[PDB]
């Protein structure tokens, strides 16, 4: 609103009108697709770069590097274009060509590793580049500035937007930055707020959500910040995503369908609850995957 940076965050909070249970509960959707590049990752991407600037680490013209398997690449390509950085993105070679085009449109340089090398191989290559002087690694799974975005913006906004009436917060977990930052903020309030994390069922594939083995949970994650973990079946996430568009006019991705599937279970269980769920992204980049077909 001065510039594009000021359009990150302060996203709408809107109520489901047709899909909730009829038990007095309310389900409110935090529309992170309203961020300029269309997903929640704009918050972490902005924060990682702004805080690095504040620490004197980077200046416009410098090279930034990240390993990405999804929306973080798009968000970082956008912030780099916005703020005047050169962005290098390492990704496994099952990233869709459409998503590669989305990142390239902002001027980012993309680098492949094989699917079998994976995200681990992508991070290792990013470290090797950083050591050669080829750029600064952001490290979204380990960088505290990811959850800090949510501690300072997402959480406070949800509290204000609900007038402190929120009883439950529901987040599909990927990096865990969202749930971790929001929980940290909510824990500071006098009122108890139940923090609900979502993961896929074993064998379910839901873009953007991870079923972390206990031993390989991200560096930024703190199990004690989460009160309950619910599992989401892939088909339930996809069906709920399709239903959101047709019944509510809310056009979002698969993990957002998962978030609402989970929030509906929380709301059904707890009469008169005020449940807030993160809608992680708009549906646009999912159409070419076929997932909006019945």
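Numbering follows the first chain given and starts at 1.
Between the stretches 5-13 and 18-26, it is 18-26 that shows the larger average CA temperature factor. Between 46-54 and 221-229, it is 221-229 that carries the larger average Cα temperature factor according to the deposited entry. Considering 109, 188, 128, 139 together, the PDB entry gives 128 the largest C-alpha B factor. As recorded in the entry, 214 carries the highest CA temperature factor of 72, 171, 162, 214. Annotation for residue 235: C-alpha temperature factor in the middle third relative to the rest of the modelled chain, per the entry. For residue 97, the recorded CA temperature factor ranks within the middle third of the chain's modelled residues.
Per the deposited record, the Cα B-factor of residue 144 falls in the lowest third when ranked against the other modelled residues of its chain.
Among all modelled residues in its chain, residue 38 ranks in the middle third by Cα B-factor. Placement of the Cα temperature factor of residue 203 within the chain: highest third of the modelled residues, per the deposited record.
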